[PDB]
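K.L.:
no letters, just coordinates:
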């Protein structure tokens, strides 16, 4: 209980990082599909929401209970998709580094605990 | 050895790709020899034979006057394809060896 | 509340002092010394094994601490789950029954000596005695109580030995050792009166 | 001039290993436990209180005895260390002086002279200039001698009881009666009525002063 | 010929590993420790001085006794090595000589002959050329013999005390009174009065 | 045919793990250490010389006893292998010979017969047909038996002294004294006046 | 069959449990318990050093388990090495001779108890017993057999001490320790009656009988 | 059904995935139609990831077993 | 299905809890054996 | 006294750990003004302090066990 | 009649002949002898490396098991 | 009269002095001082690390020797 | 007349000569002495490292074995 | 294996002990009784002169019957160790 | 997929392992130091592997004071079972030591109590005979079975506890003495008569008796008496084991 609660914030943040990267990869895959609005999630609000109330799924075809918001387009396009590649690749790299940061923090905490237990 | 049986297929494919690459480059080099026939091997049949070489003449497309049947475009495409497949075989064999290695490392 | 890893470190560290807690804080020393003196009384220093005496003292200690364990459970074990009190306010609250027990079993002279050994002048009240002054005083009081109980146990066996020797001397024997004759009579007296159960009952009554 | 943090941590953790050695050879502990080791022999019960009880009682008594020395070390040396006004080297130099004085006051002059002569040391102007290499073993020797003196003196009343009981047993013609078993309960009586434990600890504490 | 630095530090750490063996078999630690144990047994108090106290006393006495040898090693061998004047091999060879001389001073010729004859060594001219592999076991054996001699001699006054108290008790008819209980306090008194600890340590130091 | 250098390095560095096992089971260390422990028990004091001194002394004695075998191995195996004249496996086979002879010379016939019975061996023939896996346990058993034979007769003089002192003390009348307490100094006296250590080493060496 | 990477992984992992196989599935436990008990009996707790006894026990176990290892090699290791039997079937084929060796030396009472504790159905023949029942039954039977052997071993070495004490007591030497006298005589006995050949042969028969 | 059964199932699944990727790679190298290099390379990637997962699980499991066997009773 | 993120985190948590249990039991067993190795 | 100093040291170490954890948590949410290098340095400092506490505990426990094992 | 020493010798031989075969193939390919291919040289070298890693891991497991068995007290 | 405490103090002072010199040079180089080069800074830091590692190993060996000697039964 | 200390000294000296030779070769190459090739310099450096690591492993095994032999209860 | 076999094991063992110790104890007892009755007849009473001939008599007892004891005890131990693998359970 | 929920398996396999290992470390014959530690640990592990899947798994976290209470409960149950079993061997040792002390085997205890000179060799003889008998009657299997059975009576989950029950185990300390007296009785009494007979001899001409004639005679008589008395312990052995077992069954509940 105590150990589960202490490691729950970073674990949930890392899971939300994984889901956000899945969404960003879906946006990158559909970058040339005509009529596809780019989707993204508000990381902080959804993280607090998952924090207060546990993770839930729409079904389980299954998907998370996250709110898929639409990204504001930069410039218009005749085909009708709002996937701007610069934004997609910047968010992809930023999410990548933040996921690596979450892995580093969680691994440091778990070693910081094995150090105590080991004897 | 069991280690040979796992890596036999990719090694034989890599060697056959190298041999066919040499044959195609020989066809390119002898493009100007009058009376030279363009030779090639059937990769799949020879791979069966080695896993379980004979040179086959290429069917000419255009009739030249000096008897040379080497066509530039066909063999250039085949040469590029063989280079690509040799790289793919190297990649697959390296991946298998690296997996066998990380199984052991510890 | 401080860090979980520090809590784990402190808990495992405090687990080491378990023999110290059993000996210095509970009554285990008293029963173990009483058992040793009683064994010395019967004249057989290896009749019941040391292991058996230690385990019997452990069981007696567990029973005689059962009220204090219950008070600890009420004041510390339960509210630590309901989180009305936790960490600091509780560990000390749970240790309070131990303080009450050790105040009950400690003489005033030992506490006075250990206070004047620590220059603690303003120690006026009797429920605010620090652990540093309370612990060794309690141990010394336990030693005195155990020695007194051992002497009380010694009295009847000494009487039996003296009686046997006197009858041997009066009957004319001057060379026969009285210990060999008196040992089985000591045992038959100990068993017949059922010495063991009354001894444990008195120890439980002795608190 | 100050040591680096890594060197300071290394020195501190290394010196943490000498805790039993420091306790035995520098504090009161050696005089206490040894006397206990003899007292349990005088009472006629080698079992006595268990070994761990006696060891912990000696530890508590030692802490109470060295409370003034510990307080002086905390005030003069460790407090500037925590409040950053001193280095580790200077703290080590300064904190040992009260402990050196405590060791010197219980050190017999003969043993100190013996260890000087044995180290071929030059003329020591005054107590203040005595090296620690000379003060430590001399203090241990004087400590052992004092502990043996206290133990032999302790051995007296129980010898009185044993002699009286044996004389009474033999005067009645009861020659075949071993007096040790008879005299053991009376030794316990003597230790109980006079409050032997409290008196002995008070005597030890006063002896160190 | 000079060892490279990494080899030098490898040798240094490997030699530091063998420190207790050098202390026990090359210094005066073993004889003092044996005499202390025998003395503790002789007083009838098998556990009065804790083992750590006696071990520390023996270590300090050994350091004081071996201070001249350590000074000779420092002045002749270690100091030039620390100033890069000489290599590690020649420094070790030069440092062996004072310790070898000290060990030869405290060995018995019979044990040296026994180990020389056992090892089939050729005739050796004088004490100048005796291998360390020959000298070390002979020195250890001589130290054991000397320690036993000292302990047996020390055992005498306590034996006198035990015999006299036993005879005094027996001549009174006290047939079932054990003499150990009466003898132990008097053994302590005898050892205290003669200033036993410092006298025995001085005697051990003087014998070296 | 020869092993690759990587295989040679692997085998060589792996074989160093069995060095304590080789020293204990296959060499003279076991008998000497058992005799020393039994002598410590027989002296009346259980830990007078520290275990470290006895272990080092037994190691030196084992080296001195086995030096001829080591020389034979060096001549036959180590030297021609290091000069790259024989392979590793053949060098090991050649070097196993003098050690096999040393093990055989001290091996009881009954031990070898029993361990050949348990290994299904049928027509053995020449003493030069016993395999290493059969010879080794028989050698260990013979060494244990020989060490016990030496120890129980080392015990004899100290028992004589104990019995004589106890008989004299009790016949004189002082039956309340502990005979061992008075006897221990006399055991030390007997050990030092006979030169017990030197003679014991001589006997242990001449037992081979 | 498994991929070669999986086979190598399984082989390397299974190489870890070798001490467990030696201790809980092999003849090692009885021999080591008997050796420890015998060492406790002779009064020399450090005589054959633990390493010597361990090496002797290893050689004895190797000599005793030879037919089982031979059957495993001929039935499981040989077909597996010749690519006739898969890696996941060589283990099952080789676990049968070891199971048979463990069964013969086990005891009905232990088998019945551990068949009851698992709430398993009736086992009409030994061919229905799984490894989950045979393993601890074999372990308990081996422990009991080793302790029986050691406790009948212990008797003569205590008999000698008894007679030594009685003889010492006949003459009034009540303050002579009997253990110090008995130890050389116990060593003499264990030398005389081929102390080790008889014990070695008795243990080996105890397995093959 | 049991822990050993679950471990056997995991090993079988990992080996089956690796064999499927290898067979598809050999089919592509053979020249048979319909097999795309994209699928071959992605399946080899997935097989490598699964092998690494199995290796990590084995490493931990061995570490936990060593920890349990080190307990003093 | 369950991803590596969850599998690894629970795997580590179980390893940590098992190590904690082992250490606490070792402390308890050592204390008990120290108590029973007494001399009364 | 001594228990008080130990309690103060443990409190300081736990405050270190809590500050590092809170800073990392705030940085995870995307809060401005917290830089990655500061987070990593604080995490490493907290780890160093905790390791020092563990080592001190080990030395003290070993010293206590060695003292309590003496033969009076 | 199985032999653990014989089995270890056979395994060490297998590794050593694999390494020697790869080495000799590299020898001939460096010397310029026709018929030897570079990819075959590299593949044989990597196979020898895998075999030696096999041997090293088995050595580690065997040594650890032996040390744990011999560190036990009877 | 050579004392071991003096030698240990001298060795610790040498290690601390080397570490302090390397730290000071690195601090000055970070502050943009002209006459300090990066290669010298890194080499000095590595030398200080080597010296401190040597000190740690010597301390470990000394502690092992002391704990072995003080564990005797006299 | 075989002394193990003599063989240890010989092996240690041989390692030292290899290291010194590699160091001197690198020294001379740096000073631009004609006749020295970089590939041979690196090869001899790696051989020196291999020899030193072999010495380290042998020392580790010997020290471990000595500590296991020297800690038995006699 | 059966408890009857075990208790028989103890009995025969301790009867072997009795046979081993009976000659020495009986010789000592006879010597002590003879010296005591001689003291009573002569009206001499010192507790030490009865201790003198007892040692000599008991030590002669090993001279005369010692080989018999040594042969009996070895035979007992040999038979016990030989029958060890047949009383296993 | 690929779940392998580790916490469930750990909580299922931990507490039964704690109880089984707690019994193992204290139960006679299973707690003797001659067994290597790894053998005991493996036996506990295998017994838990057999038993645990049938039991209802607990879900209390290992990082809670509830886990500490559970561990204390398992340790208490195991040590109580093992110690109650050990009481019978304690009684046999007491009877043997008393027979030996009436032999005059160790006379130095009457003059120097606890003076490092005591050899209760008869106590050891009958202790190992009792161990052999316990092995024959398969008492250890019963112990293991009862360790398993105490679950149905007292499940792993924290349950409330009683009091005088502990006294019962402590009051079992009387049995060690009470049964010991009887075993002796069949021999000490006759020895007593023998000593009485020696007294009649000392009522004749003064001195010249005891310490010179009494000791060998009484030693030989004790030897042959209790050699004849050896067949008697086995029914008393079964009586002792039955007493301990049904006391355990009655009081553990």
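P.N.:
Good, I have the coordinates. Numbers count the residues shown, from 1 in each chain, chains lettered A, B, ... in the order given.

K.L.:
I figured residue C:41 hits residue C:151, correct?
P.N.:
No: judged on C-beta atoms under 8 Å, residue C:41 makes no contact with residue C:151 at a distance of 9.8 Å. Every C-beta, even on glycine, is put in place using the N, C-alpha and C of the backbone.

K.L.:
who touches both of the two?
P.N.:
Listed contacts common to residue C:41 and residue C:151 are nil; contacts here mean C-beta atoms under 8 Å, 6 or more residues apart in numbering or on different chains.

K.L.:
so which strand or helix has the residue nearest to the spatial centre of chain O?
P.N.:
Taking C-alpha atoms, centre = their mean, the centroid of chain O lies closest to residue O:86, which sits 1.2 Å from it. Residue O:86 belongs to helix O:65-102 when assigned by DSSP states H and E.

K.L.:
residues contacting the next helix or strand after that helix, please?
P.N.:
The element immediately downstream of helix O:65-102 (helix or strand, assigned by DSSP H and E) is helix O:108-111. Applying C-beta under 8 Å, 6+ apart, the external contacts of helix O:108-111 come out as C:43-45, C:177, C:179-180, D:178, D:180-181, E:176, E:178, F:176, G:174-175, O:101, O:115, O:117-118.

K.L.:
repeat for stretch A:30-42
P.N.:
Residues from elsewhere that reach stretch A:30-42 (C-beta under 8 Å, 6+ apart): A:16, A:19-20, A:23-24, A:26-27, A:66-71, A:73, A:79-85, A:87-88, A:91.

K.L.:
same question for stretch A:81-93.
P.N.:
With contacts defined as C-beta under 8 Å, 6+ apart, stretch A:81-93 is touched by A:21, A:24-25, A:27-28, A:30-38, A:40, A:70-75.

K.L.:
which residue is the nearest non-sequential neighbour of the residue of chain N found nearest chain H?
P.N.:
Residue nearest to chain H within chain N (C-beta to the nearest C-beta): residue N:89, separated by 25.8 Å. Of all residues not flanking residue N:89 in the chain, residue N:1 sits nearest, at 3.8 Å (C-beta to C-beta, 6 or more residues apart in numbering or on different chains).

K.L.:
is it true that that neighbour touches residue O:136?
P.N.:
Yes: taking contacts as C-beta under 8 Å, residue N:1 lies within contact range of residue O:136: 6.8 Å.

K.L.:
more neighbours, these two?
P.N.:
Neighbours were counted for residue N:1 and for residue O:136 using other C-beta atoms under 10 Å in any protein chain shown; residue O:136 has more, 20 against 13.

K.L.:
near chain J, which residues of chain A show up?
P.N.:
A:9-10, A:13, A:43-44, A:47, A:98, A:101-102, A:104-105, A:108, A:111-112, A:115-116, A:119 (C-beta under 8 Å from any C-beta of the partner chain).

K.L.:
rewinding a little: return every residue with contacts to both of residue N:1 and residue O:136.
P.N.:
Overlap of the contact sets of residue N:1 and residue O:136 (by C-beta under 8 Å, 6+ apart) consists of residue N:89.

K.L.:
helix or strand: which one has the residue most central in space within chain H?
P.N.:
By C-alpha atoms, centre = their mean, chain H has its centre lying nearest to residue H:14, at 3.0 Å. Using DSSP H and E, residue H:14 sits in helix H:3-30.

K.L.:
buried sites along that helix?
P.N.:
H:7, H:10-11, H:14-15, H:17-18, H:21-22, H:24-26, H:28-29 (16 or more other C-beta atoms under 10 Å in any protein chain shown).

K.L.:
is it positioned near chain B?
P.N.:
Yes: contact of helix H:3-30 with chain B (C-beta under 8 Å from any C-beta) involves H:22, H:25-26, H:29-30.

K.L.:
among those, which are in reach of chain G?
P.N.:
Filtering the residues of helix H:3-30 next to chain B for proximity to chain G (criterion: C-beta under 8 Å from any C-beta) leaves residue H:22.

K.L.:
farthest pair within the residues of helix H:3-30 next to chain B?
P.N.:
Greatest spacing in those, by C-beta to C-beta: H:22 and H:30 (12.5 Å).

K.L.:
sorry, back to before: which element follows the helix holding residue H:14 toward the C-terminus?
P.N.:
As assigned by DSSP H and E, the chain's next helix or strand after helix H:3-30 is helix H:37-69.

K.L.:
quick one: the helices in chain C?
P.N.:
For chain C, the helices defined by DSSP state H cover C:4-16, C:18-20, C:28-42, C:50-72, C:79-82, C:87-105, C:108-116, C:131-170, C:178-192, C:195-206.

K.L.:
phi, psi for the residue in the stretch 101-250 of chain O positioned nearest to chain B please.
P.N.:
Among the residues of the stretch 101-250 of chain O, residue O:156 lies nearest to chain B; the distance is 36.6 Å by C-beta to the nearest C-beta. When read as degrees, to the nearest 10, the backbone of residue O:156 gives phi -50, psi -50.

K.L.:
what does chain O put close to chain E?
P.N.:
Near chain E, when you scan chain O using C-beta under 8 Å from any C-beta, you find O:111-112, O:115.

K.L.:
most neighbours of all the residues you listed, which one?
P.N.:
Ranking those using other C-beta under 10 Å puts residue O:112 first, with 23 neighbours.

K.L.:
what separation do you get for that one and residue E:179?
P.N.:
From residue O:112 over to residue E:179 the distance is 11 Å, taken as C-beta to C-beta, to the nearest Å.

K.L.:
same question, residue A:9
P.N.:
According to C-beta to C-beta, residue A:9 and residue E:179 sit 76 Å apart.

K.L.:
ok, now which ones touch the residue nearest to the centre of chain H?
P.N.:
Residue H:14 touches G:3, G:6, H:50-51, H:53-54, counting by C-beta under 8 Å, 6+ apart.

K.L.:
pick out the most distant pair among these.
P.N.:
G:3 and H:53 (14.1 Å).

K.L.:
okay, the two: which has more neighbours?
P.N.:
Higher neighbour count among residue G:3 and residue H:53: residue G:3, with 24 against 16, using other C-beta under 10 Å.
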